[PDB]
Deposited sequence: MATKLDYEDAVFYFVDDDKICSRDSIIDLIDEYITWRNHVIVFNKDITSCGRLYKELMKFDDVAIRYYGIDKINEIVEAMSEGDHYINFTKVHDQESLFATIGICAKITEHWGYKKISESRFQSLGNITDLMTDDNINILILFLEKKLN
């Protein structure tokens, strides 16, 4: 039952295990849909989720709002090839874009019909990208 999905990192203020990074991004991208679909309080989350939410701004800086709106329309075509994302700004923009897409779906009353549709998280979260992300988050959250 999607209503009863569990979010293990939602109240965390820290992350300090690289082996949790994929789980965290997977959950967080689901949460940006779920929080709209079930009208949960978007403010009831910890510093870790708040840091990830700032990647919305990174995506806007990187793409601009028109291209964002375009990419979201396309996905809802995989505009972004996760296997081609190899630097910090591109990585954070891509996480931001994924959050915008699943949030947008929630605004449109779309959820389960688009599960397993974004592409392979393991293509995005190479070991280097995992390291980029966790070092960044530790520096912000230390």
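- In this chain the deposited sequence has gaps in the coordinates at 1-5, 82-83, listed in sequence order.
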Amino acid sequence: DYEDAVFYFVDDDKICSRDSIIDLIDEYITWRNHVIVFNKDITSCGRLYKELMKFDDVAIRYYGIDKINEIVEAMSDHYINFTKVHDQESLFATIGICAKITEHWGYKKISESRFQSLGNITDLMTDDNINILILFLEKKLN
From here on, numbers count along this sequence of modelled residues.
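- According to the PDB record, 83-91 carries the higher mean C-alpha B-factor of the two stretches 32-40 and 83-91.
- In this entry, 121-129 has the higher mean Cα B-factor, the comparison being between 121-129 and 21-29.
- Reading the B-factor column for the CA atoms of 49, 115, 62, 107 in the entry, the top value corresponds to 62.
- Of all the options 45, 53, 68, 58, the entry's greatest CA B-factor is assigned to 68.
- In the deposited entry, the Cα temperature factor of residue 111 sits in the middle third of values across the chain's modelled residues.
- Compared with the other modelled residues of the chain, the Cα B-factor recorded for residue 15 ranks in the middle third.
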